[PDB]
Amino acid sequence: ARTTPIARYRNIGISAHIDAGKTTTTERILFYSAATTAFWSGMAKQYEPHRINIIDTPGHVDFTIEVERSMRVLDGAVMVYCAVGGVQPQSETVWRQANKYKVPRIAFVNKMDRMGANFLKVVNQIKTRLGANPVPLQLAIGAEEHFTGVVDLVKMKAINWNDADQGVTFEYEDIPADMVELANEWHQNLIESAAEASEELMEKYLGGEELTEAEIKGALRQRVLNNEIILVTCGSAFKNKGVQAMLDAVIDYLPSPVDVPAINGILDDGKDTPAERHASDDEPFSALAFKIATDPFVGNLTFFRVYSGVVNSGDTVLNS
RNA sequence: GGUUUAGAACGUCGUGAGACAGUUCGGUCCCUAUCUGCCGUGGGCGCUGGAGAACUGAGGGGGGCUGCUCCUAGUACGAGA
Ligand SMILES: Nc1nc2c(ncn2[C@@H]2O[C@H](COP(=O)(O)OP(=O)(O)O)[C@@H](O)[C@H]2O)c(=O)[nH]1
């Protein structure tokens, strides 16, 4: 029946300011509002193939409905940022849009392939202008044009990409002394933040010991889910660099339809648990038409995400 | 071609001949350049013995126009556009 298990489902939005990189990263994704899916097994053929539902958005203030009418259909948000500008007024807009629907955000600081590109500065820019509290998942290696890869704060390796074929044949590297000290600094500032998921993690670290990356990734995913933090990654979609690890972070922190509480509905008016519903293949059918389109071919075409239920080709439905 | 000749007509003016910054159709435009000027082109003598050539260069003239496309570069600027 179901081709991919619900747990292997990511509903991600790519929203940012204008020309921040959205469509470029989406093309790099298709290689490695416009809704489109993909099957990204993993970076090392790990993570048996996930089905990532990507809703590429506009970033213009003119088309703000075209992103707000997808935000409350999405389950996660991949907020893109440029590395020379970072937070723009347009970035503040879609940010407030996502805060209105309480989306668990990660961030992707694109355009590290430009002059004046920074990563620390843009992280702090996010922390000061918007209000978010970001945990840097990556850290750039190569300032503006020397940008070759990043260091992780979980694997402690360098994913320096191979620039012979576009961005697919990356290598794992020895995280050399180019930056191998700030790496430690922010790795520790990441552990200290993932400790912020349970008292039993305070007692875990406060023993003077660094816990394991498995239960650090689980803890940080819990934090993204409760919207407690935001995980920022670092890439360059135009120089075919950094995109696959942002996809990894999407797999590892963004929510599946079951990694959240149920969707609360209404039976006939506001009741106690009127029609709270959970994403399941056995529920009564329920969806939400988040977008109407005008088919060039037909003139009518309705987008919808099924929250609870399973509909069929021909099934009657109720415009509740 | 127009404008202002001699023909003819219209409207109007006048009794009329005729007339009208009124109109209309028709209606002959000559000169072999002496001088200056200019464009070329030579003859004489001169430049101090005659000749053949190669130059220097005072000075004079000619020439000086610009579009579009691509690159720098979707770079600077610009929240964006
Ligand atoms: N230098 C550089 N240019 C990029 C990068 N990513 C995208 N671009 C350029 O941005 C231009 C338009 O961006 P676009 O994909 O439309 O993003 P949008 O503003 O969200 O629509 C393209 O011609 C790309 O070359 C990058 O990482 N570095």
# chains A, B, ... in the order shown; residues from 1 in each chain; ligands from 1
>>> residues_near_ligand(ligand="ligand 1", cutoff="12 Å", atoms="only C-alpha atoms (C1' of nucleotides) and all ligand atoms", output="PDB file with N, CA and C atoms (P, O5', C5', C4', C3', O3' and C1' of nucleotides), in the first residue's frame")
ATOM      1  N   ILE A  14      10.991  26.002   1.325  1.00  0.00           N
ATOM      2  CA  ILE A  14      12.207  26.749   1.049  1.00  0.00           C
ATOM      3  C   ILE A  14      11.801  28.209   0.936  1.00  0.00           C
ATOM      4  N   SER A  15      11.911  28.953   2.034  1.00  0.00           N
ATOM      5  CA  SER A  15      11.468  30.337   2.053  1.00  0.00           C
ATOM      6  C   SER A  15      12.585  31.219   2.580  1.00  0.00           C
ATOM      7  N   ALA A  16      12.676  32.421   2.028  1.00  0.00           N
ATOM      8  CA  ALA A  16      13.783  33.333   2.297  1.00  0.00           C
ATOM      9  C   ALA A  16      13.426  34.699   1.728  1.00  0.00           C
ATOM     10  N   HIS A  17      14.428  35.564   1.604  1.00  0.00           N
ATOM     11  CA  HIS A  17      14.116  36.839   0.918  1.00  0.00           C
ATOM     12  C   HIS A  17      14.109  36.567  -0.585  1.00  0.00           C
ATOM     13  N   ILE A  18      14.518  37.547  -1.366  1.00  0.00           N
ATOM     14  CA  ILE A  18      14.520  37.420  -2.817  1.00  0.00           C
ATOM     15  C   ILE A  18      15.921  37.077  -3.292  1.00  0.00           C
ATOM     16  N   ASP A  19      16.021  36.120  -4.218  1.00  0.00           N
ATOM     17  CA  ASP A  19      17.295  35.681  -4.779  1.00  0.00           C
ATOM     18  C   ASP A  19      18.271  35.238  -3.704  1.00  0.00           C
ATOM     19  N   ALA A  20      17.758  34.921  -2.516  1.00  0.00           N
ATOM     20  CA  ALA A  20      18.589  34.380  -1.453  1.00  0.00           C
ATOM     21  C   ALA A  20      19.169  33.030  -1.823  1.00  0.00           C
ATOM     22  N   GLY A  21      18.547  32.321  -2.755  1.00  0.00           N
ATOM     23  CA  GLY A  21      19.069  31.050  -3.198  1.00  0.00           C
ATOM     24  C   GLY A  21      18.013  29.982  -3.367  1.00  0.00           C
ATOM     25  N   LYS A  22      16.802  30.263  -2.872  1.00  0.00           N
ATOM     26  CA  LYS A  22      15.702  29.258  -2.861  1.00  0.00           C
ATOM     27  C   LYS A  22      15.691  28.378  -4.110  1.00  0.00           C
ATOM     28  N   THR A  23      15.437  28.955  -5.282  1.00  0.00           N
ATOM     29  CA  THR A  23      15.288  28.138  -6.478  1.00  0.00           C
ATOM     30  C   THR A  23      16.580  27.427  -6.859  1.00  0.00           C
ATOM     31  N   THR A  24      17.730  28.038  -6.601  1.00  0.00           N
ATOM     32  CA  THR A  24      18.998  27.391  -6.896  1.00  0.00           C
ATOM     33  C   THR A  24      19.204  26.152  -6.037  1.00  0.00           C
ATOM     34  N   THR A  25      18.987  26.282  -4.729  1.00  0.00           N
ATOM     35  CA  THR A  25      19.086  25.131  -3.846  1.00  0.00           C
ATOM     36  C   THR A  25      18.078  24.066  -4.229  1.00  0.00           C
ATOM     37  N   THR A  26      16.885  24.471  -4.658  1.00  0.00           N
ATOM     38  CA  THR A  26      15.910  23.476  -5.080  1.00  0.00           C
ATOM     39  C   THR A  26      16.386  22.728  -6.315  1.00  0.00           C
ATOM     40  N   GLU A  27      17.062  23.419  -7.229  1.00  0.00           N
ATOM     41  CA  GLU A  27      17.620  22.728  -8.389  1.00  0.00           C
ATOM     42  C   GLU A  27      18.757  21.800  -7.994  1.00  0.00           C
ATOM     43  N   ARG A  28      19.624  22.242  -7.090  1.00  0.00           N
ATOM     44  CA  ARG A  28      20.662  21.355  -6.581  1.00  0.00           C
ATOM     45  C   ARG A  28      20.058  20.151  -5.880  1.00  0.00           C
ATOM     46  N   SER A  33       4.280  29.451  -5.678  1.00  0.00           N
ATOM     47  CA  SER A  33       4.792  28.307  -4.946  1.00  0.00           C
ATOM     48  C   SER A  33       4.800  27.089  -5.848  1.00  0.00           C
ATOM     49  N   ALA A  34       5.890  26.336  -5.796  1.00  0.00           N
ATOM     50  CA  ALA A  34       6.044  25.139  -6.609  1.00  0.00           C
ATOM     51  C   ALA A  34       6.341  23.974  -5.683  1.00  0.00           C
ATOM     52  N   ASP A  56       8.788  24.963  -2.929  1.00  0.00           N
ATOM     53  CA  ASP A  56       9.557  26.156  -3.250  1.00  0.00           C
ATOM     54  C   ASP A  56       8.631  27.358  -3.341  1.00  0.00           C
ATOM     55  N   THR A  57       9.032  28.447  -2.708  1.00  0.00           N
ATOM     56  CA  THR A  57       8.183  29.613  -2.564  1.00  0.00           C
ATOM     57  C   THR A  57       8.762  30.820  -3.280  1.00  0.00           C
ATOM     58  N   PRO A  58       7.949  31.839  -3.525  1.00  0.00           N
ATOM     59  CA  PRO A  58       8.491  33.161  -3.840  1.00  0.00           C
ATOM     60  C   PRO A  58       8.929  33.889  -2.583  1.00  0.00           C
ATOM     61  N   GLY A  59       9.809  34.868  -2.775  1.00  0.00           N
ATOM     62  CA  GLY A  59      10.259  35.722  -1.696  1.00  0.00           C
ATOM     63  C   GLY A  59       9.859  37.171  -1.820  1.00  0.00           C
ATOM     64  N   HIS A  60       9.077  37.537  -2.830  1.00  0.00           N
ATOM     65  CA  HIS A  60       8.656  38.916  -3.010  1.00  0.00           C
ATOM     66  C   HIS A  60       7.521  39.264  -2.057  1.00  0.00           C
ATOM     67  N   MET A  79      14.660  27.966   6.146  1.00  0.00           N
ATOM     68  CA  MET A  79      14.828  29.388   5.891  1.00  0.00           C
ATOM     69  C   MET A  79      16.207  29.654   5.307  1.00  0.00           C
ATOM     70  N   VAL A  80      16.242  30.088   4.074  1.00  0.00           N
ATOM     71  CA  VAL A  80      17.492  30.356   3.377  1.00  0.00           C
ATOM     72  C   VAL A  80      17.939  31.769   3.720  1.00  0.00           C
ATOM     73  N   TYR A  81      19.244  32.001   3.664  1.00  0.00           N
ATOM     74  CA  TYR A  81      19.807  33.311   3.926  1.00  0.00           C
ATOM     75  C   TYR A  81      20.981  33.529   2.996  1.00  0.00           C
ATOM     76  N   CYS A  82      21.154  34.766   2.553  1.00  0.00           N
ATOM     77  CA  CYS A  82      22.384  35.103   1.867  1.00  0.00           C
ATOM     78  C   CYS A  82      23.473  35.377   2.894  1.00  0.00           C
ATOM     79  N   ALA A  83      24.719  35.224   2.469  1.00  0.00           N
ATOM     80  CA  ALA A  83      25.823  35.366   3.404  1.00  0.00           C
ATOM     81  C   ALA A  83      26.396  36.774   3.445  1.00  0.00           C
ATOM     82  N   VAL A  84      26.107  37.609   2.452  1.00  0.00           N
ATOM     83  CA  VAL A  84      26.528  38.998   2.549  1.00  0.00           C
ATOM     84  C   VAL A  84      25.467  39.844   3.247  1.00  0.00           C
ATOM     85  N   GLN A  90      12.640  41.411   3.863  1.00  0.00           N
ATOM     86  CA  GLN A  90      11.871  40.282   3.277  1.00  0.00           C
ATOM     87  C   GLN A  90      12.107  39.029   4.127  1.00  0.00           C
ATOM     88  N   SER A  91      13.338  38.822   4.609  1.00  0.00           N
ATOM     89  CA  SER A  91      13.627  37.660   5.493  1.00  0.00           C
ATOM     90  C   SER A  91      12.810  37.775   6.784  1.00  0.00           C
ATOM     91  N   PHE A 108      19.526  27.846   6.310  1.00  0.00           N
ATOM     92  CA  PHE A 108      20.540  27.485   5.322  1.00  0.00           C
ATOM     93  C   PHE A 108      21.153  28.774   4.790  1.00  0.00           C
ATOM     94  N   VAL A 109      22.335  29.122   5.290  1.00  0.00           N
ATOM     95  CA  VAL A 109      22.979  30.376   4.920  1.00  0.00           C
ATOM     96  C   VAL A 109      23.707  30.215   3.594  1.00  0.00           C
ATOM     97  N   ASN A 110      23.003  30.454   2.497  1.00  0.00           N
ATOM     98  CA  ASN A 110      23.559  30.273   1.168  1.00  0.00           C
ATOM     99  C   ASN A 110      24.547  31.394   0.854  1.00  0.00           C
ATOM    100  N   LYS A 111      25.078  31.365  -0.367  1.00  0.00           N
ATOM    101  CA  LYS A 111      25.928  32.421  -0.917  1.00  0.00           C
ATOM    102  C   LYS A 111      27.176  32.642  -0.075  1.00  0.00           C
ATOM    103  N   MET A 112      27.740  31.554   0.440  1.00  0.00           N
ATOM    104  CA  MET A 112      29.103  31.633   0.936  1.00  0.00           C
ATOM    105  C   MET A 112      30.112  31.673  -0.192  1.00  0.00           C
ATOM    106  N   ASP A 113      29.660  31.606  -1.443  1.00  0.00           N
ATOM    107  CA  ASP A 113      30.544  31.732  -2.590  1.00  0.00           C
ATOM    108  C   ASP A 113      30.672  33.162  -3.084  1.00  0.00           C
ATOM    109  N   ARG A 114      30.251  34.139  -2.292  1.00  0.00           N
ATOM    110  CA  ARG A 114      30.347  35.538  -2.669  1.00  0.00           C
ATOM    111  C   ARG A 114      31.351  36.268  -1.789  1.00  0.00           C
ATOM    112  N   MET A 115      31.844  37.392  -2.297  1.00  0.00           N
ATOM    113  CA  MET A 115      32.723  38.237  -1.507  1.00  0.00           C
ATOM    114  C   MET A 115      31.918  38.928  -0.418  1.00  0.00           C
ATOM    115  N   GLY A 116      32.539  39.127   0.734  1.00  0.00           N
ATOM    116  CA  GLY A 116      31.825  39.625   1.884  1.00  0.00           C
ATOM    117  C   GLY A 116      30.957  38.600   2.572  1.00  0.00           C
ATOM    118  N   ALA A 117      30.908  37.377   2.054  1.00  0.00           N
ATOM    119  CA  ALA A 117      30.170  36.309   2.708  1.00  0.00           C
ATOM    120  C   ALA A 117      30.749  36.024   4.082  1.00  0.00           C
ATOM    121  N   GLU A 144      35.316  33.341   1.023  1.00  0.00           N
ATOM    122  CA  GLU A 144      34.404  33.798  -0.019  1.00  0.00           C
ATOM    123  C   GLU A 144      34.490  32.943  -1.274  1.00  0.00           C
ATOM    124  N   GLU A 145      35.667  32.837  -1.875  1.00  0.00           N
ATOM    125  CA  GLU A 145      35.895  32.006  -3.046  1.00  0.00           C
ATOM    126  C   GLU A 145      36.621  30.718  -2.710  1.00  0.00           C
ATOM    127  N   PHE A 147      35.872  28.913  -0.399  1.00  0.00           N
ATOM    128  CA  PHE A 147      34.854  28.037   0.165  1.00  0.00           C
ATOM    129  C   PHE A 147      34.856  26.681  -0.520  1.00  0.00           C
ATOM    130  N   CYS A 234      25.274  25.598   6.043  1.00  0.00           N
ATOM    131  CA  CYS A 234      26.156  26.497   5.305  1.00  0.00           C
ATOM    132  C   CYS A 234      26.482  25.877   3.962  1.00  0.00           C
ATOM    133  N   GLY A 235      26.069  26.530   2.882  1.00  0.00           N
ATOM    134  CA  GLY A 235      26.342  25.990   1.570  1.00  0.00           C
ATOM    135  C   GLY A 235      26.513  27.025   0.484  1.00  0.00           C
ATOM    136  N   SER A 236      26.594  26.557  -0.758  1.00  0.00           N
ATOM    137  CA  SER A 236      26.650  27.439  -1.919  1.00  0.00           C
ATOM    138  C   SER A 236      26.006  26.685  -3.076  1.00  0.00           C
ATOM    139  N   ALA A 237      24.731  26.964  -3.322  1.00  0.00           N
ATOM    140  CA  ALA A 237      24.013  26.230  -4.354  1.00  0.00           C
ATOM    141  C   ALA A 237      24.540  26.546  -5.742  1.00  0.00           C
ATOM    142  N   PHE A 238      25.091  27.740  -5.943  1.00  0.00           N
ATOM    143  CA  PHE A 238      25.575  28.092  -7.269  1.00  0.00           C
ATOM    144  C   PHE A 238      26.914  27.438  -7.565  1.00  0.00           C
ATOM    145  N   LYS A 239      27.776  27.312  -6.556  1.00  0.00           N
ATOM    146  CA  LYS A 239      29.020  26.568  -6.690  1.00  0.00           C
ATOM    147  C   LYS A 239      28.860  25.104  -6.303  1.00  0.00           C
ATOM    148  N   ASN A 240      27.626  24.613  -6.244  1.00  0.00           N
ATOM    149  CA  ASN A 240      27.336  23.201  -6.030  1.00  0.00           C
ATOM    150  C   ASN A 240      28.077  22.674  -4.799  1.00  0.00           C
ATOM    151  N   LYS A 241      27.691  23.225  -3.655  1.00  0.00           N
ATOM    152  CA  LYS A 241      28.449  22.997  -2.439  1.00  0.00           C
ATOM    153  C   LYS A 241      27.560  23.246  -1.231  1.00  0.00           C
ATOM    154  N   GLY A 242      27.513  22.272  -0.328  1.00  0.00           N
ATOM    155  CA  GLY A 242      26.795  22.416   0.917  1.00  0.00           C
ATOM    156  C   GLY A 242      25.348  21.987   0.892  1.00  0.00           C
ATOM    157  N   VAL A 243      24.808  21.628  -0.270  1.00  0.00           N
ATOM    158  CA  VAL A 243      23.372  21.390  -0.378  1.00  0.00           C
ATOM    159  C   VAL A 243      22.995  20.035   0.208  1.00  0.00           C
TER     160      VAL A 243
ATOM    161  P     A B  73      32.999  41.738 -12.524  1.00  0.00           P
ATOM    162  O5'   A B  73      31.692  41.369 -13.338  1.00  0.00           O
ATOM    163  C5'   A B  73      30.757  40.430 -12.829  1.00  0.00           C
ATOM    164  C4'   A B  73      29.415  40.594 -13.486  1.00  0.00           C
ATOM    165  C3'   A B  73      29.357  40.186 -14.948  1.00  0.00           C
ATOM    166  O3'   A B  73      28.029  39.773 -15.254  1.00  0.00           O
ATOM    167  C1'   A B  73      28.888  42.476 -14.765  1.00  0.00           C
ATOM    168  P     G B  74      27.509  38.307 -14.867  1.00  0.00           P
ATOM    169  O5'   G B  74      26.086  38.582 -14.207  1.00  0.00           O
ATOM    170  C5'   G B  74      25.883  38.422 -12.810  1.00  0.00           C
ATOM    171  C4'   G B  74      25.315  39.659 -12.155  1.00  0.00           C
ATOM    172  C3'   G B  74      24.251  39.380 -11.090  1.00  0.00           C
ATOM    173  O3'   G B  74      24.441  40.102  -9.855  1.00  0.00           O
ATOM    174  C1'   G B  74      23.422  40.916 -12.685  1.00  0.00           C
ATOM    175  P     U B  75      25.242  41.489  -9.702  1.00  0.00           P
ATOM    176  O5'   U B  75      26.749  41.154 -10.072  1.00  0.00           O
ATOM    177  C5'   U B  75      27.686  40.799  -9.071  1.00  0.00           C
ATOM    178  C4'   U B  75      28.835  41.770  -9.041  1.00  0.00           C
ATOM    179  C3'   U B  75      28.567  43.081  -8.330  1.00  0.00           C
ATOM    180  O3'   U B  75      28.660  43.003  -6.924  1.00  0.00           O
ATOM    181  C1'   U B  75      29.514  43.546 -10.408  1.00  0.00           C
ATOM    182  P     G B  80      18.093  43.880  -1.830  1.00  0.00           P
ATOM    183  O5'   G B  80      16.887  42.887  -2.107  1.00  0.00           O
ATOM    184  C5'   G B  80      16.452  42.637  -3.430  1.00  0.00           C
ATOM    185  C4'   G B  80      14.974  42.870  -3.568  1.00  0.00           C
ATOM    186  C3'   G B  80      14.498  43.261  -4.954  1.00  0.00           C
ATOM    187  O3'   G B  80      14.282  42.138  -5.777  1.00  0.00           O
ATOM    188  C1'   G B  80      13.548  44.701  -3.340  1.00  0.00           C
ATOM    189  P     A B  81      14.994  42.051  -7.200  1.00  0.00           P
ATOM    190  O5'   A B  81      14.054  42.908  -8.153  1.00  0.00           O
ATOM    191  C5'   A B  81      12.652  42.693  -8.185  1.00  0.00           C
ATOM    192  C4'   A B  81      11.926  43.941  -8.615  1.00  0.00           C
ATOM    193  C3'   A B  81      12.460  44.601  -9.874  1.00  0.00           C
ATOM    194  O3'   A B  81      11.914  44.049 -11.055  1.00  0.00           O
ATOM    195  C1'   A B  81      12.294  46.213  -8.170  1.00  0.00           C
TER     196        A B  81
END
>>> residues_around(residues="residue 281 in chain A", least_positions_apart="6", cutoff="12 Å", atoms="only C-alpha atoms (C1' of nucleotides)", output="PyMOL selection string")
chain A and resi 1-6+257-258+306-311
>>> write_last_selection(atoms="N, CA, C and O atoms", output="compact mmCIF listing (two decimals), in the first residue's frame")
# COMPACT_ATOMS: atom_id res chain seq x y z
N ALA A 1 0.82 -1.20 0.00
CA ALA A 1 0.00 0.00 0.00
C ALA A 1 0.86 1.26 0.00
O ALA A 1 1.27 1.74 -1.06
N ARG A 2 1.12 1.79 1.19
CA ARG A 2 1.93 2.99 1.32
C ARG A 2 3.35 2.73 0.85
O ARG A 2 4.02 1.82 1.34
N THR A 3 3.80 3.53 -0.12
CA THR A 3 5.12 3.31 -0.70
C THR A 3 6.22 3.61 0.30
O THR A 3 7.15 2.82 0.48
N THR A 4 6.14 4.76 0.97
CA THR A 4 7.14 5.12 1.96
C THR A 4 6.49 5.32 3.32
O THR A 4 5.42 5.93 3.41
N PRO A 5 7.10 4.82 4.40
CA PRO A 5 6.50 4.97 5.72
C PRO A 5 6.38 6.43 6.11
O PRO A 5 7.20 7.27 5.72
N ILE A 6 5.33 6.73 6.88
CA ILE A 6 5.06 8.12 7.24
C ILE A 6 6.27 8.75 7.92
O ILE A 6 6.55 9.93 7.73
N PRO A 257 5.16 13.88 9.73
CA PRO A 257 3.80 14.14 10.22
C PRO A 257 3.51 13.54 11.59
O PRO A 257 2.57 13.99 12.26
N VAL A 258 4.28 12.55 12.02
CA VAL A 258 4.07 11.91 13.32
C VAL A 258 4.98 12.45 14.41
O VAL A 258 4.72 12.18 15.60
N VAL A 306 -3.04 15.96 2.77
CA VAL A 306 -3.87 15.13 3.63
C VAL A 306 -3.26 15.11 5.02
O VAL A 306 -2.12 14.68 5.21
N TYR A 307 -4.02 15.58 6.00
CA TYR A 307 -3.56 15.52 7.38
C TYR A 307 -3.89 14.17 8.01
O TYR A 307 -2.99 13.44 8.44
N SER A 308 -5.16 13.80 8.04
CA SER A 308 -5.60 12.53 8.58
C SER A 308 -6.57 11.89 7.60
O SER A 308 -7.59 12.49 7.26
N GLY A 309 -6.24 10.69 7.14
CA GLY A 309 -7.11 9.93 6.28
C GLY A 309 -6.40 9.47 5.03
O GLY A 309 -5.21 9.71 4.82
N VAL A 310 -7.16 8.77 4.18
CA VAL A 310 -6.68 8.27 2.90
C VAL A 310 -7.83 8.42 1.91
O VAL A 310 -8.86 7.76 2.06
N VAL A 311 -7.65 9.28 0.91
CA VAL A 311 -8.68 9.50 -0.10
C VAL A 311 -8.27 8.74 -1.36
O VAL A 311 -7.13 8.27 -1.46
>>> residues_around(residues="residue 77 in chain A", least_positions_apart="4", cutoff="8 Å", atoms="only C-alpha atoms (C1' of nucleotides)", output="PyMOL selection string")
chain A and resi 12-15+71+98+103-106+254
>>> write_last_selection(atoms="N, CA and C atoms", output="compact mmCIF listing (two decimals), in the first residue's frame")
# COMPACT_ATOMS: atom_id res chain seq x y z
N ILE A 12 8.85 20.05 3.59
CA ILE A 12 9.76 21.15 3.83
C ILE A 12 9.41 22.31 2.90
N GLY A 13 9.56 23.52 3.42
CA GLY A 13 9.42 24.72 2.62
C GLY A 13 10.77 25.40 2.48
N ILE A 14 10.99 26.00 1.32
CA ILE A 14 12.21 26.75 1.05
C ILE A 14 11.80 28.21 0.94
N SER A 15 11.91 28.95 2.03
CA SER A 15 11.47 30.34 2.05
C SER A 15 12.59 31.22 2.58
N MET A 71 2.81 27.93 4.19
CA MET A 71 3.36 27.77 5.53
C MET A 71 2.42 26.94 6.40
N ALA A 98 6.24 32.35 9.34
CA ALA A 98 6.43 31.02 9.91
C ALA A 98 6.17 31.01 11.40
N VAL A 103 6.08 26.96 12.84
CA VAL A 103 6.81 25.96 12.09
C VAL A 103 8.16 25.73 12.77
N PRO A 104 8.62 24.49 12.87
CA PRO A 104 9.98 24.23 13.36
C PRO A 104 11.01 24.53 12.28
N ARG A 105 11.77 25.59 12.48
CA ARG A 105 12.68 26.11 11.46
C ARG A 105 14.08 25.53 11.59
N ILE A 106 14.72 25.33 10.44
CA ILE A 106 16.17 25.27 10.35
C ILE A 106 16.57 26.40 9.42
N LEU A 254 14.08 18.11 10.90
CA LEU A 254 12.73 18.51 10.52
C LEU A 254 11.73 17.41 10.86
>>> atom_distance(atom1="CA of residue 206 in chain A", atom2="CA of residue 132 in chain A")
25.7 Å
>>> atom_distance(atom1="CA of residue 167 in chain A", atom2="CA of residue 182 in chain A")
25.5 Å
>>> select_by_dssp(residues="range 59-236 of chain A", states="strand (DSSP E or B)", output="ChimeraX atom specification")
/A:76-82,86,105-109,134-136,138-141,149-152,158,173,230-234,236
>>> atom_distance(atom1="CA of residue 45 in chain A", atom2="CA of residue 141 in chain A")
24.2 Å
>>> select_by_dssp(residues="range 17-262 of chain A", states="helix (DSSP H, G or I)", output="PyMOL selection string")
chain A and resi 22-31+65-71+89-100+120-130+182-194+199-205+214-225+243-253
>>> write_last_selection(atoms="C-alpha atoms", output="JSON list (two decimals), in the first residue's frame")
[["chain", "number", "residue", "atom", "x", "y", "z"],
["A", 22, "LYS", "CA", 15.70, 29.26, -2.86],
["A", 23, "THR", "CA", 15.29, 28.14, -6.48],
["A", 24, "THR", "CA", 19.00, 27.39, -6.90],
["A", 25, "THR", "CA", 19.09, 25.13, -3.85],
["A", 26, "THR", "CA", 15.91, 23.48, -5.08],
["A", 27, "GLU", "CA", 17.62, 22.73, -8.39],
["A", 28, "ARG", "CA", 20.66, 21.36, -6.58],
["A", 29, "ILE", "CA", 18.20, 19.19, -4.66],
["A", 30, "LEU", "CA", 16.56, 17.91, -7.83],
["A", 31, "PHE", "CA", 20.12, 17.10, -8.95],
["A", 65, "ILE", "CA", 0.04, 34.88, 0.14],
["A", 66, "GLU", "CA", 1.91, 32.44, -2.11],
["A", 67, "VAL", "CA", 4.09, 31.65, 0.91],
["A", 68, "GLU", "CA", 1.67, 32.08, 3.82],
["A", 69, "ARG", "CA", -0.82, 29.72, 2.15],
["A", 70, "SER", "CA", 1.91, 27.08, 2.08],
["A", 71, "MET", "CA", 3.36, 27.77, 5.53],
["A", 89, "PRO", "CA", 13.27, 42.96, 5.64],
["A", 90, "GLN", "CA", 11.87, 40.28, 3.28],
["A", 91, "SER", "CA", 13.63, 37.66, 5.49],
["A", 92, "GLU", "CA", 11.90, 39.20, 8.57],
["A", 93, "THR", "CA", 8.54, 38.93, 6.70],
["A", 94, "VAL", "CA", 8.58, 35.18, 5.92],
["A", 95, "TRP", "CA", 10.05, 34.69, 9.39],
["A", 96, "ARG", "CA", 6.99, 36.26, 10.99],
["A", 97, "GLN", "CA", 4.89, 34.22, 8.56],
["A", 98, "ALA", "CA", 6.43, 31.02, 9.91],
["A", 99, "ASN", "CA", 6.18, 32.18, 13.52],
["A", 100, "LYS", "CA", 2.45, 32.73, 12.96],
["A", 120, "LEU", "CA", 29.38, 33.84, 12.18],
["A", 121, "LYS", "CA", 28.20, 37.33, 11.26],
["A", 122, "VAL", "CA", 25.00, 36.04, 9.65],
["A", 123, "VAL", "CA", 24.27, 33.74, 12.59],
["A", 124, "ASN", "CA", 24.56, 36.72, 14.92],
["A", 125, "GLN", "CA", 22.48, 38.74, 12.45],
["A", 126, "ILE", "CA", 19.68, 36.19, 12.80],
["A", 127, "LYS", "CA", 20.03, 36.21, 16.58],
["A", 128, "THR", "CA", 19.81, 40.02, 16.79],
["A", 129, "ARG", "CA", 17.33, 41.09, 14.10],
["A", 130, "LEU", "CA", 14.75, 38.30, 14.13],
["A", 182, "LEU", "CA", 36.57, 27.62, 16.44],
["A", 183, "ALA", "CA", 35.25, 24.21, 15.37],
["A", 184, "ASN", "CA", 35.77, 22.98, 18.94],
["A", 185, "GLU", "CA", 34.34, 26.21, 20.36],
["A", 186, "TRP", "CA", 31.05, 25.99, 18.47],
["A", 187, "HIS", "CA", 30.90, 22.21, 18.86],
["A", 188, "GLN", "CA", 30.90, 22.77, 22.62],
["A", 189, "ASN", "CA", 28.36, 25.57, 22.27],
["A", 190, "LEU", "CA", 26.22, 23.04, 20.36],
["A", 191, "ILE", "CA", 26.52, 20.30, 22.98],
["A", 192, "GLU", "CA", 25.65, 22.79, 25.73],
["A", 193, "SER", "CA", 22.47, 23.63, 23.79],
["A", 194, "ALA", "CA", 21.42, 20.07, 23.01],
["A", 199, "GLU", "CA", 17.13, 17.45, 33.26],
["A", 200, "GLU", "CA", 18.62, 14.01, 32.60],
["A", 201, "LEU", "CA", 20.79, 15.74, 30.00],
["A", 202, "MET", "CA", 21.98, 18.37, 32.46],
["A", 203, "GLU", "CA", 22.99, 15.51, 34.75],
["A", 204, "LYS", "CA", 24.40, 13.78, 31.66],
["A", 205, "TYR", "CA", 26.82, 16.53, 30.62],
["A", 214, "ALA", "CA", 23.09, 9.90, 18.42],
["A", 215, "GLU", "CA", 21.30, 11.24, 21.50],
["A", 216, "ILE", "CA", 22.57, 14.70, 20.64],
["A", 217, "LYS", "CA", 20.84, 14.62, 17.23],
["A", 218, "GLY", "CA", 17.70, 13.21, 18.81],
["A", 219, "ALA", "CA", 17.82, 15.94, 21.45],
["A", 220, "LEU", "CA", 18.36, 18.73, 18.92],
["A", 221, "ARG", "CA", 15.51, 17.36, 16.81],
["A", 222, "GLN", "CA", 13.34, 17.50, 19.93],
["A", 223, "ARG", "CA", 14.41, 21.13, 20.32],
["A", 224, "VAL", "CA", 13.58, 22.06, 16.72],
["A", 225, "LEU", "CA", 10.23, 20.32, 17.18],
["A", 243, "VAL", "CA", 23.37, 21.39, -0.38],
["A", 244, "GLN", "CA", 23.50, 17.67, 0.42],
["A", 245, "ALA", "CA", 24.37, 18.31, 4.05],
["A", 246, "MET", "CA", 21.44, 20.70, 4.34],
["A", 247, "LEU", "CA", 19.36, 17.81, 3.02],
["A", 248, "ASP", "CA", 20.90, 15.64, 5.74],
["A", 249, "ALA", "CA", 19.93, 18.23, 8.36],
["A", 250, "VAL", "CA", 16.43, 18.25, 6.85],
["A", 251, "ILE", "CA", 16.23, 14.49, 7.36],
["A", 252, "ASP", "CA", 17.67, 14.72, 10.86],
["A", 253, "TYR", "CA", 15.83, 17.60, 12.51]]
>>> closest_residue(among="A:280, A:319, A:133, A:37", to="residue 228 in chain A", atoms="only C-alpha atoms")
A:133
